[PDB]
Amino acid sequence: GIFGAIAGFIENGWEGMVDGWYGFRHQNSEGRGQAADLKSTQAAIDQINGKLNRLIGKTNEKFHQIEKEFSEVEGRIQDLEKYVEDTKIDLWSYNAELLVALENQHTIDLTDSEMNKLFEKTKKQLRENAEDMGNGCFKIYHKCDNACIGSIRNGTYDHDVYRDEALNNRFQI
């Protein structure tokens, strides 16, 4: 939420992208296609797995404790045993509630962040050859076939190769 990509300038997600969490859809003279981006996907997954590693399979051993159920009325000492336990449980229940709310806000934000980083990286790569359409899409102002699109996805696109063509198209009248 905090970067404003997911549920933001990206109108919605793609249910048909089943091999990654972030990716690219293109249209060019050869067709229209989709490819997952592995690095952004892995970055988000690794961070979420980091949270899980802290929370799952990490329990604490306790042995003999105090009694917590009572068959006879006793007064002062039993009042204290009950109060100690009730106090403990409320503090742990608070910790658990807060942990989940904080972690979840952060998970939504970090996943939004990874979407934003990939968008920004792509934008810089394209230099003067494309314009940001405001919805996560770039209009690319030159012929850009499948190999060309692939070079952008693979981070090997050479903006200089297309710059003359793109500037001519962009700054036309």
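In this text, residue numbers run from 1 along the sequence as written.
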Identify the stretch, either 104 to 112 or 50 to 58, whose C-alpha atoms have the larger mean B-factor according to the entry. 50 to 58
Greater mean Cα temperature factor according to the PDB record, 149 to 157 or 21 to 29: 149 to 157
Going by the CA temperature factor in the entry, name the top one among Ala44, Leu38, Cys137, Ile66. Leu38
Taking the values straight from the PDB record, which of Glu74, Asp90, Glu81, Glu97 has the highest C-alpha temperature factor? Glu74
Position of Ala5 among the chain's modelled residues by C-alpha B-factor, lowest, middle or highest third: lowest
Please say which third, lowest, middle or highest, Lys117 falls into when its CA temperature factor is compared across its chain. lowest
